[PDB]
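**Student:** Below is a structure I'd like to ask you about.
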Amino acid sequence: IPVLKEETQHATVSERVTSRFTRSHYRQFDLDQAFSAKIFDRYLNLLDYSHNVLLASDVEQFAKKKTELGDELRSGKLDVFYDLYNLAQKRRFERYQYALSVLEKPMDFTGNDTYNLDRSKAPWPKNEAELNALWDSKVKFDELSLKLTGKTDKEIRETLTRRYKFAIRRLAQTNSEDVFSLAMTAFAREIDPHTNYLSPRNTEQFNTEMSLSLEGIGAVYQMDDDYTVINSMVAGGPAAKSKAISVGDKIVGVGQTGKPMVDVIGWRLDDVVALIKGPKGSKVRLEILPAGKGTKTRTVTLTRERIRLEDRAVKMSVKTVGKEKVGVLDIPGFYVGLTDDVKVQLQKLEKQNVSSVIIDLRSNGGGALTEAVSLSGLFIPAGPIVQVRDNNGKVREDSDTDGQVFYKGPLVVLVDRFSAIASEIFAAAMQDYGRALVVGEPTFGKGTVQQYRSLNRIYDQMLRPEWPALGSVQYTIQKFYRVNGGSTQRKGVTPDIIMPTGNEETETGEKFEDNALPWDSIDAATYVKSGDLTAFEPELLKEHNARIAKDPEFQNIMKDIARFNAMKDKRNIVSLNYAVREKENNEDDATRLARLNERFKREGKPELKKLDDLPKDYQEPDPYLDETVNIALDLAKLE
């Protein structure tokens, strides 16, 4: 395999990269030895997430000088990363040699053995034997996954073999930029988890340009390990519009109209992503493992489009209970024109004489801070909305100037785990003004913005035919603050009323993220509260808690939360006993089929004969919305 080598331009990029982070990142940090040490470890974990490749012998050879990397990045002298990447690429190959062998060996799932899915805290293997034991276990796990999939012994040995060959092929497919990226990745993600190095565009982009404006599914992908994951969906992109794939789901397989389905376990991110993308109005076939460690996969077929703005658009509806009326705005995202679209929706809402109005920001990871401000100000007359703090410690206060409220009546803002930024600042501000009730779950808590700078400076193509282009940096320039003076960072907005889901722990939120910047305050801005809704909390809670206690969906929701607690201590570990696993799957299905048919009883639908039979258009009801409509009407009555 051609040995990977830093390219000439890399030197300067490193210098330029290090400049910007060191000096201009929101976070005032010391790129000292200690900092360097942590990077080193972070890089190691990139090379070998699973700590089942590198030999402990190898590790210390590089580890003894982990404090050098500060100066190394500054002087653009990066061979330490490259030598260690070239190692651990060598060793990765040793693994695949072994693993192919073990496929041949006959295998039985009769024994009571187990598999741990998190070796991130594990010991670095000490010797050949230990490697072979760990790799034996990986192969056994893969064979079983496919047996439970429903593949035959033969095709299991064939399909695993294919994957491992591609891993070897890939090993040689990678290149200098791939290494360098990864070095930057180690540096970037040690300042905070939203700082990034974005590699330049290659030939492949050029063909995108000869190709159309513009070709994707509006999901933002990254990678932990062998497995690709979704962090973000773009509002009104087909991913989001399908409502099938979600945040956190792992992608395992992609396909086209003619061709059979293609395994993407253990890839380079670029390669998985490339396979997805297609000419507009195309289709693509997608295969996902929901959440984590479900061990069951579903298929999602994406009508490839390019974002229709009416998919992007605010959607208005009017719910009714008895004779009472509740305007509902689903606002997908904080799009330009939101506040104007909203003003027009308020027009229809006054025709219909609604007694209260829900703003539904659920799974709305933001958009324009501009629009967030405008909207806040439709419900408060004039006043500050948000405090913006920059990479100089300077504070800007963004405010509404209308001395007008376009809608005066009660207001609920409904938020969840995945509500973010503009949603959070609007939700925060509605709380701080005591102008609305918040309902749902703790919000994501992303309280910072980033920006891109190009690494290209104007003189590069007068003084070079280096035209390899340089990449960009993306990094924290601002932290957002409430008008109460708390940041939304890590805590987000905590609703007045927590729906059942929000009373537990979770995998997700800015707070659970690797090295997220900590919560803090600044001094409260000066505002004119629009009312006080603390009087109303106990009767609101009392009736809310009562209603959902008698409610089938909330009852079911509770059990699945209770069950989650009861069994979640045993998540990391899976049985390698085939029949246990098949029984786990079978017990799932029974639970599921019973729960759906129960629903259909109450909905007056004909009951399901099998779970096999669920139509692939099938949508869940919305317990939270229904209940929030109720809370909204209570609130209207209370005033």
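The way I read the labels, and the way they are meant: chains A, B, ... in the order of the structure tokens, residue 1 as the first residue of every chain, and ligand 1 as the first ligand shown, with later ones counted on from there.
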Which residues, written as a list in words, have at least one atom at most 9 Å from residue 241 in chain A, with only C-alpha atoms counted and residues fewer than 4 positions away on the same chain left out?
**Tutor:** residues 235, 236, 237, 302 and 311 of chain A
**Student:** Can you pull out the residues contacting range 154-166 of chain A? Cut-off 10 Å, using only C-alpha atoms, and skip same-chain residues under 4 positions away; I want them as JSON, numbers by chain.
**Tutor:** {"A": [93, 95, 96, 97, 99, 100, 101, 102, 103, 104, 105, 139, 142, 143, 144, 145, 146, 147, 149, 150, 170, 171, 172, 173, 262, 263, 264, 265, 266, 267]}
**Student:** When you look at range 280-293 of chain A with a cut-off of 9 Å (counting only C-alpha atoms), what residues show up, excluding the ones that are within fewer than 2 positions of it in the same chain? I need them as an MDAnalysis selection string.
**Tutor:** chainID A and resid 117 212:216 245:257 261 276:278 295:306 571:572 574
**Student:** To one decimal place, how far is CA of residue 377 in chain A from CA of residue 443 in chain A in Å?
**Tutor:**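 That distance, rounded to one decimal, is 21.1 Å.
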**Student:** Applying 7 Å and only C-alpha atoms, which residues near residue 354 in chain A remain after dropping the ones on its own chain fewer than 4 positions away? List them as a list in words.
**Tutor:**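 Selected residues are residues 325, 326, 327, 349 and 350 of chain A.
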**Student:** Tell me which protein, DNA and RNA residues are within 12 Å of residue 622 in chain A, counting only C-alpha atoms, leaving out same-chain ones fewer than 3 positions away, and put them as a PDB file with N, CA, C and O atoms, in the first residue's frame.
**Tutor:**
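Once everything was written out, this is out-v1.pdb:
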ATOM      1  N   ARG A 362     -41.540  21.466  17.835  1.00  0.00           N
ATOM      2  CA  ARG A 362     -41.023  20.162  18.208  1.00  0.00           C
ATOM      3  C   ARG A 362     -40.150  19.672  17.068  1.00  0.00           C
ATOM      4  O   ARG A 362     -40.534  19.772  15.911  1.00  0.00           O
ATOM      5  N   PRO A 552     -54.910   6.315  27.367  1.00  0.00           N
ATOM      6  CA  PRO A 552     -54.237   5.088  26.919  1.00  0.00           C
ATOM      7  C   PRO A 552     -52.802   5.284  26.382  1.00  0.00           C
ATOM      8  O   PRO A 552     -51.891   4.479  26.658  1.00  0.00           O
ATOM      9  N   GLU A 553     -52.603   6.345  25.596  1.00  0.00           N
ATOM     10  CA  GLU A 553     -51.338   6.558  24.929  1.00  0.00           C
ATOM     11  C   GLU A 553     -50.296   6.929  25.968  1.00  0.00           C
ATOM     12  O   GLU A 553     -49.196   6.408  25.907  1.00  0.00           O
ATOM     13  N   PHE A 554     -50.677   7.795  26.917  1.00  0.00           N
ATOM     14  CA  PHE A 554     -49.768   8.195  27.993  1.00  0.00           C
ATOM     15  C   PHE A 554     -49.461   7.003  28.894  1.00  0.00           C
ATOM     16  O   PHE A 554     -48.340   6.878  29.366  1.00  0.00           O
ATOM     17  N   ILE A 557     -47.035   5.039  27.040  1.00  0.00           N
ATOM     18  CA  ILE A 557     -45.767   5.774  26.945  1.00  0.00           C
ATOM     19  C   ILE A 557     -44.971   5.513  28.237  1.00  0.00           C
ATOM     20  O   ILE A 557     -43.716   5.246  28.177  1.00  0.00           O
ATOM     21  N   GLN A 619     -48.399   6.168  10.504  1.00  0.00           N
ATOM     22  CA  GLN A 619     -48.050   7.289  11.400  1.00  0.00           C
ATOM     23  C   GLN A 619     -48.603   7.023  12.812  1.00  0.00           C
ATOM     24  O   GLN A 619     -49.737   6.577  12.988  1.00  0.00           O
ATOM     25  N   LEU A 625     -49.523  16.555  21.455  1.00  0.00           N
ATOM     26  CA  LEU A 625     -50.282  17.634  20.821  1.00  0.00           C
ATOM     27  C   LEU A 625     -51.683  17.681  21.448  1.00  0.00           C
ATOM     28  O   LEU A 625     -52.104  18.710  22.021  1.00  0.00           O
ATOM     29  N   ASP A 626     -52.373  16.534  21.359  1.00  0.00           N
ATOM     30  CA  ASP A 626     -53.742  16.376  21.853  1.00  0.00           C
ATOM     31  C   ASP A 626     -53.801  17.018  23.239  1.00  0.00           C
ATOM     32  O   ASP A 626     -54.548  17.972  23.446  1.00  0.00           O
ATOM     33  N   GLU A 627     -52.936  16.529  24.139  1.00  0.00           N
ATOM     34  CA  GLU A 627     -52.908  16.949  25.537  1.00  0.00           C
ATOM     35  C   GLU A 627     -52.570  18.441  25.676  1.00  0.00           C
ATOM     36  O   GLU A 627     -53.105  19.119  26.537  1.00  0.00           O
ATOM     37  N   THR A 628     -51.680  18.942  24.825  1.00  0.00           N
ATOM     38  CA  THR A 628     -51.275  20.337  24.852  1.00  0.00           C
ATOM     39  C   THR A 628     -52.428  21.257  24.448  1.00  0.00           C
ATOM     40  O   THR A 628     -52.509  22.347  25.021  1.00  0.00           O
ATOM     41  N   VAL A 629     -53.274  20.797  23.497  1.00  0.00           N
ATOM     42  CA  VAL A 629     -54.578  21.465  23.085  1.00  0.00           C
ATOM     43  C   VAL A 629     -55.435  21.678  24.344  1.00  0.00           C
ATOM     44  O   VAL A 629     -55.952  22.792  24.584  1.00  0.00           O
TER      45      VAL A 629
END
**Student:** List the spatial neighbours of residue 577 in chain A as a list in words - criterion: any atom at most 9 Å away, only C-alpha atoms, same-chain residues fewer than 4 positions off excluded.
**Tutor:** residues 108, 109, 110, 111, 112, 113, 114, 144, 581 and 582 of chain A
**Student:** Using N, CA, C and O atoms, can you write the selected residues to a file as a PDB file, in the first residue's frame?
**Tutor:**
ATOM      1  N   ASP A 108     -21.311 -21.976  16.294  1.00  0.00           N
ATOM      2  CA  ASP A 108     -22.519 -22.467  17.016  1.00  0.00           C
ATOM      3  C   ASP A 108     -22.919 -21.352  17.989  1.00  0.00           C
ATOM      4  O   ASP A 108     -22.042 -20.840  18.644  1.00  0.00           O
ATOM      5  N   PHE A 109     -24.216 -21.005  18.078  1.00  0.00           N
ATOM      6  CA  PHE A 109     -24.738 -19.930  18.967  1.00  0.00           C
ATOM      7  C   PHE A 109     -25.538 -20.515  20.133  1.00  0.00           C
ATOM      8  O   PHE A 109     -26.480 -19.877  20.632  1.00  0.00           O
ATOM      9  N   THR A 110     -25.116 -21.719  20.551  1.00  0.00           N
ATOM     10  CA  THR A 110     -25.740 -22.552  21.562  1.00  0.00           C
ATOM     11  C   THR A 110     -25.234 -22.170  22.956  1.00  0.00           C
ATOM     12  O   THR A 110     -25.962 -22.246  23.946  1.00  0.00           O
ATOM     13  N   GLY A 111     -23.963 -21.771  23.005  1.00  0.00           N
ATOM     14  CA  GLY A 111     -23.325 -21.270  24.212  1.00  0.00           C
ATOM     15  C   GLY A 111     -23.845 -19.925  24.723  1.00  0.00           C
ATOM     16  O   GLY A 111     -24.202 -18.996  23.979  1.00  0.00           O
ATOM     17  N   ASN A 112     -23.816 -19.815  26.051  1.00  0.00           N
ATOM     18  CA  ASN A 112     -24.198 -18.626  26.825  1.00  0.00           C
ATOM     19  C   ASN A 112     -23.053 -17.594  26.920  1.00  0.00           C
ATOM     20  O   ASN A 112     -22.567 -17.306  28.027  1.00  0.00           O
ATOM     21  N   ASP A 113     -22.643 -17.035  25.769  1.00  0.00           N
ATOM     22  CA  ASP A 113     -21.595 -15.995  25.694  1.00  0.00           C
ATOM     23  C   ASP A 113     -22.250 -14.644  25.393  1.00  0.00           C
ATOM     24  O   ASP A 113     -23.410 -14.575  24.985  1.00  0.00           O
ATOM     25  N   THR A 114     -21.490 -13.568  25.629  1.00  0.00           N
ATOM     26  CA  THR A 114     -22.021 -12.216  25.553  1.00  0.00           C
ATOM     27  C   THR A 114     -21.069 -11.314  24.764  1.00  0.00           C
ATOM     28  O   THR A 114     -19.914 -11.658  24.539  1.00  0.00           O
ATOM     29  N   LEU A 144     -24.120 -13.796  13.760  1.00  0.00           N
ATOM     30  CA  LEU A 144     -25.412 -13.907  14.485  1.00  0.00           C
ATOM     31  C   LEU A 144     -26.425 -12.849  14.026  1.00  0.00           C
ATOM     32  O   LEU A 144     -27.604 -13.163  13.865  1.00  0.00           O
ATOM     33  N   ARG A 581     -31.879 -14.281  21.569  1.00  0.00           N
ATOM     34  CA  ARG A 581     -32.000 -13.095  20.723  1.00  0.00           C
ATOM     35  C   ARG A 581     -33.293 -13.144  19.903  1.00  0.00           C
ATOM     36  O   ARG A 581     -33.976 -12.117  19.761  1.00  0.00           O
ATOM     37  N   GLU A 582     -33.605 -14.329  19.360  1.00  0.00           N
ATOM     38  CA  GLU A 582     -34.824 -14.545  18.574  1.00  0.00           C
ATOM     39  C   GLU A 582     -36.055 -14.333  19.471  1.00  0.00           C
ATOM     40  O   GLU A 582     -37.071 -13.795  19.020  1.00  0.00           O
TER      41      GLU A 582
END
**Student:** Identify, on the basis of only C-alpha atoms, every residue whose closest approach to residue 365 in chain A does not exceed 8 Å; exclude the query and any residue fewer than 6 positions from it along the same chain; express the result as a list in words.
**Tutor:**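 So the residues in contact are residues 232, 333, 418, 419, 420, 421, 422 and 423 of chain A.
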**Student:** Selection from above, N, CA, C and O atoms, as a PDB file, in the first residue's frame, can you write it?
**Tutor:**
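Writing done, so here's part.pdb:
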ATOM      1  N   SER A 232     -28.519  15.775  12.131  1.00  0.00           N
ATOM      2  CA  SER A 232     -29.464  16.843  11.816  1.00  0.00           C
ATOM      3  C   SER A 232     -30.213  16.523  10.538  1.00  0.00           C
ATOM      4  O   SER A 232     -29.675  15.963   9.621  1.00  0.00           O
ATOM      5  N   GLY A 333     -39.038  25.190  11.129  1.00  0.00           N
ATOM      6  CA  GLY A 333     -37.760  25.821  11.273  1.00  0.00           C
ATOM      7  C   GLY A 333     -37.900  27.320  11.230  1.00  0.00           C
ATOM      8  O   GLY A 333     -38.978  27.788  10.890  1.00  0.00           O
ATOM      9  N   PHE A 418     -35.281  17.964  20.653  1.00  0.00           N
ATOM     10  CA  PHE A 418     -34.668  18.277  19.369  1.00  0.00           C
ATOM     11  C   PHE A 418     -34.991  19.727  18.945  1.00  0.00           C
ATOM     12  O   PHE A 418     -34.629  20.176  17.838  1.00  0.00           O
ATOM     13  N   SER A 419     -35.683  20.463  19.826  1.00  0.00           N
ATOM     14  CA  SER A 419     -35.894  21.868  19.623  1.00  0.00           C
ATOM     15  C   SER A 419     -34.581  22.587  19.922  1.00  0.00           C
ATOM     16  O   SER A 419     -33.887  22.195  20.854  1.00  0.00           O
ATOM     17  N   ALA A 420     -34.221  23.597  19.124  1.00  0.00           N
ATOM     18  CA  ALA A 420     -32.864  24.197  19.228  1.00  0.00           C
ATOM     19  C   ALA A 420     -32.843  25.659  18.770  1.00  0.00           C
ATOM     20  O   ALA A 420     -33.702  26.169  17.993  1.00  0.00           O
ATOM     21  N   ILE A 421     -31.840  26.341  19.327  1.00  0.00           N
ATOM     22  CA  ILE A 421     -31.410  27.648  18.923  1.00  0.00           C
ATOM     23  C   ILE A 421     -32.615  28.576  18.875  1.00  0.00           C
ATOM     24  O   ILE A 421     -33.087  29.058  19.909  1.00  0.00           O
ATOM     25  N   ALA A 422     -33.120  28.794  17.665  1.00  0.00           N
ATOM     26  CA  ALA A 422     -34.014  29.914  17.440  1.00  0.00           C
ATOM     27  C   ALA A 422     -35.284  29.603  18.207  1.00  0.00           C
ATOM     28  O   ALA A 422     -35.845  30.501  18.857  1.00  0.00           O
ATOM     29  N   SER A 423     -35.635  28.306  18.169  1.00  0.00           N
ATOM     30  CA  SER A 423     -36.749  27.746  18.919  1.00  0.00           C
ATOM     31  C   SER A 423     -36.515  27.998  20.422  1.00  0.00           C
ATOM     32  O   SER A 423     -37.391  28.470  21.154  1.00  0.00           O
TER      33      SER A 423
END
**Student:** Calculate how many Å separate CA of residue 329 in chain A from CA of residue 360 in chain A, rounding to one decimal.
**Tutor:**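 Interatomic distance, CA of residue 329 in chain A to CA of residue 360 in chain A: 5.9 Å.
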**Student:** Tell me which of A:65, A:179, A:273, A:48 sits closest to residue 217 in chain A, counting only C-alpha atoms.
**Tutor:** A:273
**Student:** CA of residue 482 in chain A and CA of residue 440 in chain A, how far apart in Å?
**Tutor:** 19.2 Å
**Student:** Between A:38, A:490, A:5, A:319, which one has atoms that come closest to residue 424 in chain A, using only C-alpha atoms?
**Tutor:** A:490
**Student:** Could you pull out the residues in range 329-408 of chain A that DSSP calls alpha helix (DSSP H) from the backbone, as a CSV table (one decimal) with N, CA and C atoms, in the first residue's frame?
**Tutor:**
chain,number,residue,atom,x,y,z
A,338,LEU,N,-40.8,33.7,8.2
A,338,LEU,CA,-41.6,33.1,9.2
A,338,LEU,C,-42.6,34.1,9.8
A,339,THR,N,-42.0,35.2,10.3
A,339,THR,CA,-42.8,36.2,11.1
A,339,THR,C,-43.9,36.8,10.2
A,340,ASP,N,-43.6,37.0,8.9
A,340,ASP,CA,-44.6,37.6,8.1
A,340,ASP,C,-45.7,36.6,7.7
A,341,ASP,N,-45.3,35.3,7.4
A,341,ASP,CA,-46.3,34.2,7.2
A,341,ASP,C,-47.2,34.1,8.5
A,342,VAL,N,-46.5,34.2,9.7
A,342,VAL,CA,-47.2,34.1,11.0
A,342,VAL,C,-48.3,35.2,11.1
A,343,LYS,N,-47.9,36.5,10.9
A,343,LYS,CA,-48.8,37.6,10.8
A,343,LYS,C,-50.1,37.2,10.0
A,344,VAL,N,-49.9,36.7,8.8
A,344,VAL,CA,-51.0,36.3,7.9
A,344,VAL,C,-51.9,35.2,8.6
A,345,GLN,N,-51.2,34.2,9.2
A,345,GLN,CA,-51.9,33.1,9.9
A,345,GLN,C,-52.7,33.7,11.0
A,346,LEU,N,-52.2,34.7,11.8
A,346,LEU,CA,-52.9,35.4,12.9
A,346,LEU,C,-54.2,36.0,12.3
A,347,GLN,N,-54.2,36.4,11.1
A,347,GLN,CA,-55.4,37.0,10.4
A,347,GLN,C,-56.6,35.9,10.4
A,348,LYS,N,-56.3,34.7,9.9
A,348,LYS,CA,-57.3,33.6,9.8
A,348,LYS,C,-57.7,33.2,11.2
A,349,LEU,N,-56.8,33.4,12.2
A,349,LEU,CA,-57.0,32.9,13.6
A,349,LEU,C,-58.0,33.9,14.3
A,350,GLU,N,-58.2,35.0,13.7
A,350,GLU,CA,-59.0,36.0,14.4
A,350,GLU,C,-60.4,35.9,13.8
A,351,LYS,N,-60.4,35.5,12.5
A,351,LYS,CA,-61.7,35.2,11.8
A,351,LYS,C,-62.4,34.0,12.6
A,369,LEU,N,-31.7,33.7,13.6
A,369,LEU,CA,-31.9,34.3,15.0
A,369,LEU,C,-32.8,35.6,14.8
A,370,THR,N,-32.5,36.3,13.8
A,370,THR,CA,-33.4,37.4,13.2
A,370,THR,C,-34.9,37.1,13.4
A,371,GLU,N,-35.3,36.0,12.8
A,371,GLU,CA,-36.7,35.7,12.7
A,371,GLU,C,-37.3,35.3,14.1
A,372,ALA,N,-36.5,34.6,14.9
A,372,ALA,CA,-36.7,34.2,16.3
A,372,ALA,C,-37.2,35.5,17.1
A,373,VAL,N,-36.5,36.6,16.8
A,373,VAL,CA,-36.6,37.9,17.5
A,373,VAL,C,-38.0,38.5,17.2
A,374,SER,N,-38.2,38.6,15.9
A,374,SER,CA,-39.4,39.2,15.2
A,374,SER,C,-40.7,38.6,15.7
A,375,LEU,N,-40.7,37.2,15.8
A,375,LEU,CA,-41.7,36.4,16.2
A,375,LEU,C,-42.0,36.7,17.7
A,376,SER,N,-40.9,36.6,18.5
A,376,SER,CA,-41.1,36.9,20.0
A,376,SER,C,-41.9,38.1,20.1
**Student:** Where in range 355-394 of chain A does DSSP assign strand (DSSP E or B), given as JSON, numbers by chain?
**Tutor:** {"A": [356, 357, 358, 359, 360, 383, 384, 385, 386, 387, 388, 389, 390]}
